[PDB]
Each structure stands twice: as structure tokens, then as C-alpha cells.
Asker: 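Dumping the structure here so I can ask a few things about it.
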Amino acid sequence: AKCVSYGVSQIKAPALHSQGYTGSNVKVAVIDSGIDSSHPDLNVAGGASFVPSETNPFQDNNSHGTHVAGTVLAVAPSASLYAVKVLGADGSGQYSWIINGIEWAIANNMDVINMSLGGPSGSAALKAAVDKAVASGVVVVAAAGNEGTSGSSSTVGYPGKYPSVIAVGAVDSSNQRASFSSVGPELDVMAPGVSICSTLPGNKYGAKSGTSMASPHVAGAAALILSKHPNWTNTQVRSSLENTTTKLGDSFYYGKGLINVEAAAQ
């Protein structure tokens with residue numbers, strides 16, 4: 001048994017794959033619950049755990065990080081993946097552990113950071129870490145959140161909500177916003193996040209829904225762009241992904257729209 005996200009095709013990733021652009025030599029840090037390196041489909045280049053109770057980043061006791069990693073790889077097959085364990089088995093983590101995982105990514109010369117995580121409040125320490133990663137040349141991508149709507153108020157969670165961080169919302173197979181997808185002015189792009197079939201611990205596969213599922217489609221898109229245009233800065237990658245979107249509806253709901261990697265890559 002095996003599956004691939006339908007989101008691979010929807011973002012126009014196969015068009016770059018056929019041209020020989022598969023994310024080669026790009027360093028992607030998945031800052032999540034760890035990654036089950038033992039999966040036949042997953043290749044992990046390295047990593048680190050900052051969860052005092054779970055020392056092994058190569059062990060995923062939750063399943064979240066393994067599912068997210070598999071999405072990164074389905075989009076950009078040649079990318080060097082790094083397991084940055086900041087959340088435990090329950091899917092929770094301390095802000096300081098998240099910070100230490102961002103700092104690890106900066107020191108270790110990561111190209112792309114994926115953060116399929118969020119909370120309702122931010123910290124000064126958290127915005128300095130994400131802004132330092134952007135100052136250092138890093139492409140920082142995060143899930144917008146699964147908060148739905150609250151009238152006219154933004155429901156985007158942190159670190160997604162910070163301007164330096166690419167906030168990714170969720171669409172289904174028909175380009176429609178998922179009911180759970182967070183809204184607001186801080187929402188940047190849309191990616192497929194409804195019933196994403198990816199890898200799970202102990203040679204398994206299954207479907208998950210969330211903004212957490214949308215995010216890695218964008219981090220894998222960033223890796224594809226960098227494999228074709230090695231000289232391009234994080235700002236240039238961001239601009240290209242944002243400026244080449246398939247426009248869907250109001251910006252409050254959909255941001256700039258759906259990412260189009262074939263367009264973005266020029």
C-alpha cells in the first residue's frame with residue numbers, strides 16, 4: 001500500500017519534476033513532532049530534539065511530523081530533510097523548545113523551515129526568532145491555523161500571523177476554502193489541506209486534514225524554486241510564490257490565492 005497527496009498535481013509540481021527540478025541540494029527543516037526515519041519512503045538527513053522527555057528526533061510518537069515530512073517529499077523528492085523535534089507525543093510543546101528549533105535551523109544553514117504548528121498568542125522571543133531566520137536568508141513557512149471565523153476579526157495564529165512568516169490557509173480538491181481554515185489580513189497563500197494522504201509511522205499511510213497539511217506543500221514548493229534558481233534569495237522565492245497565484249476570492253479568506261509552482265519558477 002502507498003499514497004501521494006492529490007495536492008502534488010494541484011500545485012503544478014509534476015511540471016517541474018519532468019523538467020528535472022525536484023528540490024536537489026535544498027535543506028528543509030520540518031519543526032514538528034519528529035519524523036519516523038524508518039519509513040521506506042522517507043529519507044532524513046539529520047536533526048535534533050529539544051523535547052527533554054523525548055530525546056530522539058527520528059522517533060515520532062504522535063504521527064504529525066511524519067505525515068508533514070511525507071508531503072514535503074512528495075512535492076520535492078530530492079530535498080534534504082531535517083527532523084526538528086519540538087513537540088511531544090501529545091502534540092504540544094513549550095515556546096522555548098520552538099525557539100531552540102528555529103535557532104538550530106539558522107545555525108545549521110537550513111534553506112526552508114516548515115512550522116505546521118501554532119497558538120493563539122505570540123511572544124517577543126518568538127517574533128525575534130522568526131525575523132532573525134528571515135534576516136539570515138531563510139524561507140519561513142507556517143500553517144495559518146484551524147480556527148475558522150470570528151466575525152471580522154483575524155483568526156490567524158502565531159507564528160503564522162507575523163509578517164515575516166508565510167501563513168498558509170487550506171483549500172480542498174475543488175479550490176474551495178476548508179471550513180476550519182483561519183482567516184484575516186495576515187493570510188498569505190492557499191494550499192491543499194483537506195484529506196491529505198501521506199506517510200505515517202511504521203510503514204503506514206493515511207489521510208489527515210488541516211492547515212498543517214497545507215503548509216508543507218508551500219515549503220516543498222520553495223524547495224522546487226530554489227533547485228531551479230539557486231542564486232535567488234528567500235525574498236525572491238516568497239515574491240514569486242505570492243505573485244504567481246491562481247486568484248480565488250476575497251483576500252481575507254484566501255490571501256493571494258492558490259500557489260502555482262510552475263508559474264512561480266518561471
Side-chain angles (χ1 to χ4, degrees), residues 4-31 43 45 68-82 84 102 105-106 108-116 130 133-144 160 163-171 187-193 196 198 211 213-248 254-266:
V4 58
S5 172
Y6 57 82
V8 179
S9 285
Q10 206 183 330
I11 72 161
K12 299 175 163 72
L16 296 182
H17 303 170
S18 71
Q19 267 159 40
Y21 306 105
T22 57
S24 195
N25 309 123
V26 177
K27 308 182 196 227
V28 184
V30 176
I31 305 168
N43 179 206
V68 177
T71 304
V72 174
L73 292 172
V75 179
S78 315
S80 299
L81 200 86
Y82 295 84
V84 187
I102 289 153
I106 296 153
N108 288 289
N109 304 118
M110 289 304 113
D111 300 298
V112 181
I113 291 149
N114 181 83
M115 290 170 287
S116 296
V130 295
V134 177
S136 319
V138 189
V139 174
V140 188
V141 180
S164 67
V165 189
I166 311 139
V168 195
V171 294
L187 185 64
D188 300 290
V189 295
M190 305 305 267
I196 307 302
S198 185
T211 52
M213 280 74 251
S215 189
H217 289 88
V218 182
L224 292 183
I225 298 140
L226 289 159
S227 69
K228 191 178 173 169
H229 293 283
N231 66 293
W232 280 15
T233 64
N234 57 341
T235 268
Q236 290 170 286
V237 172
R238 194 199 175 153
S239 301
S240 221
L241 284 166
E242 298 195 350
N243 297 343
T244 68
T245 64
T246 296
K247 294 263 191 73
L248 300 174
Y254 291 95
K256 274 141 175 89
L258 177 84
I259 64 140
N260 179 351
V261 77
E262 178 198 24
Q266 294 143 67

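Only heavy atoms go into these numbers, but all of them, side chains included; no hydrogens, no water, no symmetry mates. We count residues from 1, following the sequence as given.
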Asker: Please evaluate residues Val75 and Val8 with respect to the criterion side chain to side chain contact (heavy atoms under 4.5 Å, CB included), reporting the C-alpha separation (whole Å), side-chain torsions for both, the decisive distance (0.1 Å), and the verdict.
Answerer: CA-CA 6 Å; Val75 179; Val8 179; 4.1 Å; yes
Asker: Test your reading of the model: is there a side-chain donor-acceptor pair from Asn234 to the backbone of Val134, 3.5 Å cut-off?
Answerer: yes
Asker: Can you confirm whether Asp188 sits close enough to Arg238 that some side-chain heavy atom of one is under 4.5 Å from a side-chain heavy atom of the other?
Answerer: yes
Asker: Are the side chain of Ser78 and the backbone N or O of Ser24 linked by a donor-acceptor pair below 3.5 Å?
Answerer: no
Asker: For the CG atom of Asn243 and the CD atom of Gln236, what is their distance to the nearest 0.5 Å?
Answerer: 12.0 Å
Asker: With a 4.5 Å cut-off on side-chain heavy atoms, are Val139 and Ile166 touching?
Answerer: yes
Asker: So if I apply the side chain to side chain contact (heavy atoms under 4.5 Å, CB included) rule between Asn114 and each of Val218, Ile31, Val140, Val141, which one comes out positive?
Answerer: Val141
Asker: Please assess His17 against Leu224 for the test side chain to side chain contact (heavy atoms under 4.5 Å, CB included), listing each intermediate value before the final yes or no.
Answerer: CA-CA 9 Å; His17 303 170; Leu224 292 183; 3.9 Å; yes
Asker: Is the backbone N or O of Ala264 less than 3.5 Å from a side-chain atom of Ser240, with the two atoms forming a donor-acceptor pair by type?
Answerer: yes
Asker: What distance separates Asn43 CG from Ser80 OG, expressed to the nearest 0.5 Å?
Answerer: 7.5 Å
Asker: For a side chain to side chain contact (heavy atoms under 4.5 Å, CB included) with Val30, tell me which candidate from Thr71, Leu73, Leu81, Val112 qualifies.
Answerer: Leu81
Asker: Tell me which one of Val84, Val168, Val68, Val130 satisfies side chain to side chain contact (heavy atoms under 4.5 Å, CB included) with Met115.
Answerer: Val130
Asker: Does atom CG of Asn108 have more than 12 heavy-atom neighbours, drawn from other residues, nucleotides or ligands, at distances under 6.0 Å?
Answerer: yes
Asker: So how far is it from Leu226 CG to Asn25 CG, rounded to the nearest 0.5 Å?
Answerer: 11.5 Å
Asker: Quick one: are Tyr6 and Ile196 in side-chain contact, heavy atoms under 4.5 Å?
Answerer: yes
Asker: Quick one: do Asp111 and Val28 satisfy side chain to side chain contact (heavy atoms under 4.5 Å, CB included)? Show the steps, please.
Answerer: CA-CA 6 Å; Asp111 300 298; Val28 184; over 6 Å; no
Asker: Take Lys228 and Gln19 through the test side chain to side chain contact (heavy atoms under 4.5 Å, CB included) and record every step on the way to the result.
Answerer: CA-CA 10 Å; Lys228 191 178 173 169; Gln19 267 159 40; 4.2 Å; yes
